[PDB]
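Geometric and topological summary
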Amino acid sequence: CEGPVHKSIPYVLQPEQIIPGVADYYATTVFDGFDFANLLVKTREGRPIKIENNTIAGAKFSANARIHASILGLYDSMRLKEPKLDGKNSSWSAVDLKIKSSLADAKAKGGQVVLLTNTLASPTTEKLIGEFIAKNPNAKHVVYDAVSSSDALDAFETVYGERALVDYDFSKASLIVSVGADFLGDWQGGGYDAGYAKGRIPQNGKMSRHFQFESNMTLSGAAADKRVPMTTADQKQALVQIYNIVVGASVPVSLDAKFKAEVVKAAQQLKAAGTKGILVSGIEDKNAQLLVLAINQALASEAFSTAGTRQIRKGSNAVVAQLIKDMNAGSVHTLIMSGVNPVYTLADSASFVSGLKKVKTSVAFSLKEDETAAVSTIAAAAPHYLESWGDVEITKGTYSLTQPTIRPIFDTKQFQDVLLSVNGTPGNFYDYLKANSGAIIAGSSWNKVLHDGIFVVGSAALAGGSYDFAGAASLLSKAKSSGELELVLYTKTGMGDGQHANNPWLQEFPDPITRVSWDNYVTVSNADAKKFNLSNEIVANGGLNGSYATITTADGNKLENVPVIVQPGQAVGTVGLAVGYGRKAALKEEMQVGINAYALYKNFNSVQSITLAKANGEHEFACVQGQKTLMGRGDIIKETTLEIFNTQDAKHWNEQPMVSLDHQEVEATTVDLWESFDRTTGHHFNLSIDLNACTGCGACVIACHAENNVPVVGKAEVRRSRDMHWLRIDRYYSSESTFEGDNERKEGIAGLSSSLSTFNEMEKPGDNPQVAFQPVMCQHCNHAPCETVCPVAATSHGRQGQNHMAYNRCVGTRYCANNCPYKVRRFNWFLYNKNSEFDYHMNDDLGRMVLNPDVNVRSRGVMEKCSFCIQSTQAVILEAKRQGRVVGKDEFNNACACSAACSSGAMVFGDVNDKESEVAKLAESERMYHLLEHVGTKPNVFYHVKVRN
Amino acid sequence: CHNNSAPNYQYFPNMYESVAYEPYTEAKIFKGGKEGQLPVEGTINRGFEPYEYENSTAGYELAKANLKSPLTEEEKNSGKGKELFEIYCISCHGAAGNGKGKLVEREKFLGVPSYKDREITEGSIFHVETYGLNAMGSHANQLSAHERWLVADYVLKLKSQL
Amino acid sequence: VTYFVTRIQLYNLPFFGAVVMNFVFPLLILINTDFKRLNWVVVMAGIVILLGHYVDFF
Ligand code: HEC
Ligand SMILES: *C(=O)CCCCCCCCC
Ligand code: SF4
Ligand code: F3S
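This entry, as listed in the PDB, derives from cryo-EM and reports a resolution of 3.40 Å.

Put into structure tokens, the structure is as follows:
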């Protein structure tokens, strides 16, 4: 074939800031009403690519997995490219005139004007809204949250005086008592990962222990030291029992004796740790939240403070309800909303729509023609964050600016620009921001603020006051609703809300706990499964199948749900249900997957009483992980206890394998018939996981699939367990409640009659076991079995110590997937690039901008592998060689995004021959430990030890 | 068979053309036909400050009076300021002399003065080297903001030898 | 693996000499069919083989 003709287009007029081949970084922020963070945007010659974290003295809000995958919304070809009016394509001038004339009529008639939004923490946006209201006599501004937290806000407001949340510092407490907290999840915008993990490292003989009380099962439960299955009717009583101990009081708590046996212990210990303890609870009752405030004041702990309150969640379930009622009751005129989606998130949306039928000039700002854009008057085309200007105040004492990084792709207009035009203010929102920037920024205007991204503002603690908490305690103890089976709604790490309905990276991203993808489900405990005859099963092709079930509530039902029998998932008499998947407007049927459940969020309560019935058919699941338990293989995750760590020699908790010589024992690593190669000079690399800091390691996955151009595979072809992932997080349950209980059944064994029955019972996980996580990638071995058998010699090793993988000689005779004992090697099977069988972002022309040009895209028949960050470390050596310097201490660690994007300090990358780096101080430790040292493969990635107590 | 006015034949081009977007090629989707779309006005990337003086006759002598060199003595005595003058400046101005160059001998275009005639401060080079005075052009596309100051110290050493 | 480590490092000549005597020597002797009929060729080879297998057990 002739081979195509390649052309190149230089500029007519080249801008000073752009150099071809040189990446640029911009300081921006994000806040979409649910998630928020401070971050850097890496851009090419004109466009944004993979999101980095902003760490310039304001590294308080790193990006989560949902934020890292948000770039696909920018390059989504399914966006409202042009605004519509009355269902037809129209100009913005048409929109402007329509809105202005309706406002004039509302003023003349004396009607109602309502703006709807969501937690716009912005000094200048709020000011602008205030100006709108000042000019318009009858404007009400109202805030609507999908998942609400108004009970917490009421408790804080009525004590301290404002609607804000307490930003707890989990690194300043030794005893954490959690009652339905879930602070490692989405609880109050969970960003407490680093705070928690920091206190889990045994630096000396100290370690913060965690007490988990809960109905569901979550990551904080998995990361807890103690976990007590408890229903919501028990949790309320347990909270009062805690209160009576920390705060001397006599309130008649009704609680199960076995529960009291543990609740009392925890409460007494909490009390003992004066100033070093913390009570956190997620009970949807203001009275319960008030008791939490009372107890934390009594403890007077360092983790509790009102000096920097959180401005992120400021809604109200009373105001929203009033709004809905008035839309149907009275006459409401022009309603304008932005980022608000009641149809589908509102449980009473049927009445909301009937309210919409009674209002005039409904204006909705969005990215897609969703369910509310449909039922409206004007569909306004909004910009996607990187196409707009703004400013955000996450906490009480901070100010930050948001820069656009790409010029508007589609014909959009900012919400604030619309407000300025109807107010009669000349210019635009950017000019407005400039004029109002000096009110906060006392330093240099742009040069030291836009350049860095943030600005520091002082603050002060809020005054408290007298309040009858004893009364609240008696109200909570008297409160009681003990009936039948109930469910609890929750959000996921891959699915926070409906802003990522068609995001293929989050659809593919498997659940960190249940290990499944591309679907919703119902969590039922095994004790309940036996009563309802529900079950799951592994089929011949390797995937999972399971029964269907029906959920019935007061005056309603679902009629078809997909249950997963998670053994310890539910305590007893409770059901877990994820909320946020059932979307149908403006998206393809491949993305229209799952169950919504928002209709069950009656009166904004997450806890509902239900009836569960077994259905008729059977469902197939795209399940990623097969086996649930660990077979007693202590040579995989070594665990011990704190007092053993402190009092016993390493020989008793971190023992390495021995091999016999001339009637003598020696460390297995000393036996070798071959000769080694000299890698003592020139940058020998390693990589360090410590298992205490591994909470869920959620956002570490998506950042590794950002440079490396790993394609997206659908529900099928993952259902057959043939997915493409370079690093994976594991999930190991236990039988009989401990990991040491799965090592006493195995070491005590008999001959061939009992060993056919014990190894068949050790794959059924018992009730309330212990959970352990383990990140597994391709540790670049030295005596690597995947090397020697490649007939076409596509793999080799370097002097630095990698496993170099050429994508050229790999003529796919699939040997090297077999000799890897860890077996992390992903052959590709179809062509994932441009065919119509995979209609994801790799196919369409508008969505092939996420792909960086520095890493090639594989075609067919070649294998791929989690290499070390070659495309960054070959640039760090490059940028340290042109200058004439030596590479710094933390310069290798900040470039490889396998380590430079995780929340906690779990992943540590860097140099070893440099004896002053962070890796060389971790390799010389009493917890030095490799996977499978008896194999004799010499890996370059070492894990430490779980040191739970 | 292989011709020289057209590229040669290939055997199964598996990974030869690009799925990603290498910088200067032609595409279809973008605003123009290019692949080098312009950044938004008013933004600031990490490691760059905008020049705060406007164009000539009102910002020229305001830059000539009060504007200084933000370098150190370790960087001036390095010889890298001479190498940038060896590339971007001998084509019109002289190398050791002033105004003799390479192109007033060949008489391609005239009107290049010396450095004895016009008194220039160390901040008046930097305003001309970014904008140009009626026959020069913006050399900001070629040199970087750290490197225009390395040239300006070398030009002052050339005037003192004259 | 130490099975061979302690043999190669200590019994160097015994370990490899047993290969030569039980293979290389007869390889170039009992391939000629005329030599296979000679009494002294057969006796000679027989002696070497016996010594070689003694070494094997040693
Ligand atoms: C040919 C296009 C030239 C290049 C290459 C460089 N210079 Fe120049 N320069 C050129 C002309 C024709 C003039 C005079 C224009 C006029 O209207 O008089 C200049 C002027 C200068 C000056 C004096 C400016 C002043 O205000 O008096 C300086 C100090 C100067 N040029 C510096 C300079 C440097 C540092 C260059 C390398 C980047 C360079 N010139 C290149 C023509 C050309
Ligand atoms: C493009 O059409 C030219 C393909 C050249 C193939 C060369 C084959 C050589 C003999 C097997
Ligand atoms: S871990 Fe698997 S892929 Fe990495 S070197 Fe060892 S065998 Fe090869
Ligand atoms: S052994 Fe070799 S040919 Fe490819 S499948 Fe593995 S690199």
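Back to the write-up after that little detour.
Below, the discussion takes up the overall build of chain B. Helix and strand counts for chain B stand at five helices and zero strands. Start at the N end of chain B and walk to the C end: the helices and strands fall as α-α-α-α-α. Relative to a compact globule of 162 residues, whose C-alpha radius of gyration would be 15 Å, chain B shows 22 Å and is clearly more extended. Along the longest, intermediate and shortest principal axes, the C-alpha atoms of chain B span 65 × 45 × 35 Å. Considering only contacts within chain B whose residues lie at least 6 apart along the sequence, 50% involve residues at least 24 apart.

Attention now goes to helix α5 (residues 148–161) of chain B. All names here are of chain B. Across its 14 residues, α5 extends 21 Å between first and last C-alpha, which sits within 8% of the 20 Å expected from 1.5 Å per residue. All buried positions along α5 are accounted for by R148, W149, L150, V151, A152, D153, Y154, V155 and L158. On its buried side, α5 packs onto α2 (73–76), α3 (80–88) and α4 (124–131).

Let us now look at the interface of chain A and chain B. By a widespread convention, an interface's size corresponds to the accessible area lost as its parts come together. Each partner contributes to the interface: chain A provides 48 residues, whereas chain B provides 33 residues. For the chain A and chain B pair, buried surface summed over both sides reaches about 4200 Å², with 58% attributable to carbon and sulfur atoms. In this structure, the salt-bridge partner of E26 of chain B is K7 of chain A, at a minimum N-O distance of 3.5 Å. If one sorts the elements of the side of chain A that touches chain B by residue count, strand β1 (residues 24–31) of chain A sits on top with four residues. Within the side of chain A that touches chain B, the residues separate by chemical class into 26 nonpolar, 11 polar and 11 charged.

Residue and element names in this part refer to chain B. Protein-derived coordination of the iron atom of ligand 1 comes from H93 (NE2) and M136 (SD), at a distance range of 2.0 to 2.3 Å. Classification of the site at the iron atom of ligand 1 rests on its six donor atoms, whose angles at the metal span 83 to 177°, yielding the label octahedral. On the criterion of sequence distance, the pair formed by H93 in the loop between α3 and α4 and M136 in the loop between α4 and α5 is long-range, its members being 43 residues apart. Taking the relative accessible area as the measure of exposure, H93 reaches 18% and is therefore buried.

Our focus in this paragraph is the site of ligand 2. In the vicinity of ligand 2, the residues found are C1 of chain A together with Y9 and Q10 of chain B. The site occupied by ligand 2 is bordered by residues of chains A and B. For ligand 2, an oxygen atom lies 2.2 Å from a polar atom in the backbone of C1 of chain A. Burial of ligand 2 by the surrounding chains reaches 35%, relative to a free accessible area of 370 Å².

Here the focus is the nonpolar core. Residue and element names in this part refer to chain A. Among the nonpolar cores identified, the biggest contains 109 residues, and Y75, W505 and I689 are the most heavily contacted of them. Counting only elements with at least two residues in this core, the list comes to β2 (36–43), α1 (65–68), α6 (219–222), α17 (504–508), β21 (544–553), β29 (685–689), α20 (699–707) and β37 (941–943). Beyond its immediate chain neighbours, meaning those up to four positions away, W505 contacts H68, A69, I71, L72, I702, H705, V712, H841 and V850. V177, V179, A223 and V240 belong to the second-largest nonpolar core, a separate cluster that totals 56 residues.

Within the structure shown, the criterion is met by two disulfides over all chains. Across the disulfide, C700 of chain A is cross-linked to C902 of chain A (sulfur-sulfur distance 2.0 Å). Here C902 of chain A lies in the loop between α23 (870–879) and β36 (908–911) and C700 of chain A lies in helix α20, a separation of 202 residues in the sequence. Each member of the pair, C700 of chain A as well as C902 of chain A, is classed as buried. Covalently, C869 of chain A is tied to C896 of chain A through a disulfide, its sulfur atoms 2.0 Å apart. Because the torsion about its S-S bond is 60°, the bridge between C869 of chain A and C896 of chain A counts as right-handed. Taken together, the residues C869 of chain A in the loop between β35 (863–864) and α23 and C896 of chain A in the loop between α23 and β36 connect sequence positions 27 residues apart. Taken as a pair, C869 of chain A and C896 of chain A share a single burial class, namely buried. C1 of chain B provides the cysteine sulfur closest to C1 of chain A, a residue in no disulfide bond, and the two sulfurs are 15 Å apart.

On to helix α4 (residues 150–160) of chain A, then. All names here are of chain A. Buried within α4 are the following residues: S150, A152, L153, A155, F156, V159 and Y160. The inward-facing, buried residues of α4 abut α9 (286–299), α10 (317–329) and α16 (469–478). One or two positions beyond α4, positive phi appears at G161, with a value near 115°.

As annotated in UniProt, the feature "domain: Cytochrome c" (unreviewed entry) corresponds to residues 76–159 of chain B in the numbering used here. The span residues 76–159 of chain B is 36% helical and 0% strand by assignment, and the distance between its end C-alpha atoms comes to 16 Å.

Our focus in this paragraph is the interface of chain A and chain C. With five residues of chain A in contact, the opposing surface of chain C contributes five residues. Taking both sides of the interface into account, the surface hidden between chain A and chain C amounts to around 410 Å²; carbon and sulfur atoms contribute 87%. Among the residues chain A hides against chain C, the three largest losses belong to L661, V671 and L673 of chain A. Together they make up 78% of the total. Along the contact surface separating chain A from chain C lie zero salt bridges. Looking at the side of chain A that touches chain C residue by residue, the class counts come to four nonpolar, one polar and no charged.

This next bit is on the environment of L756 of chain A. Residue and element names in this part refer to chain A. With respect to the element layout, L756 can be found in the loop between α21 (741–747) and α22 (758–761). Given a relative accessible area of 61%, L756 falls into the exposed group. Sequence separation between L756 and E620 is 136 residues, and the spatial gap between their C-alpha atoms is 30 Å.

All names here are of chain A. For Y344, which is not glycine, the phi dihedral falls at a positive 85°. For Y344, the position within the fold is in helix α11 (residues 342–345). Overall, the relative accessible area of 10% leaves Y344 in the buried class. Its identity is not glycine, yet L559 carries a phi of approximately 70°, on the positive side. Mapped onto the elements of the fold, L559 is located in the loop between β22 (556–557) and β23 (563–564).

In this section: a nonpolar patch on the surface. A cluster of nonpolar side chains, contributed by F16, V19, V20, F23, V24, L27, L28 and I31 of chain C, occupies part of the molecular surface with about 750 Å² of accessible area. One can find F16 of chain C in helix α2 (residues 12–27).

So, on to the site of ligand 4. Around ligand 4, the structure places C790, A794, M805, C810, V811, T813, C816 and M863 of chain A. Class assignment of the residues belonging to the shell around ligand 4 gives a composition of seven nonpolar, one polar and no charged.

Conventions and cut-offs
Residues numbered from 1 in each chain as written, not as in the entry; some residues may be left out. Chains lettered and ligands numbered in written order. Part of a larger assembly, values for the part shown. Heavy atoms only, no water. Residues with missing side-chain atoms left out of burial classes, pairs and counts. Helix = DSSP H or I, 4+ residues; strand = E, 2+ residues; numbered from the N terminus. Rg over C-alpha atoms; globule rule 2.2 N^0.38 Å. Contact = heavy atoms within 4.5 Å. Expected span 1.5 Å × (residues − 1). Buried < 20%, exposed > 50% of the residue type's maximum accessible area, 1.4 Å probe, protein only. Buried area = accessible area lost by both parts, 1.4 Å probe. Salt bridge = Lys/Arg side-chain N within 4 Å of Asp/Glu carboxyl O. Nonpolar A, V, L, I, M, F, W, Y, C, P; charged D, E, K, R; others polar. Donors = N, O, S within 2.8 Å, 3.2 Å for Na, K, Ca; no water. Tetrahedral: all angles 85-135°; square planar, octahedral: opposite > 155°, others 65-115°. Near = heavy atom within 4 Å. Polar contact = N/O pair within 3.5 Å; in protein donor to acceptor, adjacent residues only side chain to side chain. Areas by Shrake-Rupley, 256 points an atom, 1.4 Å probe, with all protein chains shown as cover. Core = buried A, V, L, I, M, F, W, Y, C linked by side-chain atoms within 4.5 Å. Disulfide = S-S within 2.5 Å. UniProt positions renumbered as here; feature names shortened; annotations may be inferred. Patch = residues over 30% accessible without salt bridge, like charges linked within 9 Å, V, L, I, M, F, W, Y side chains within 5 Å.

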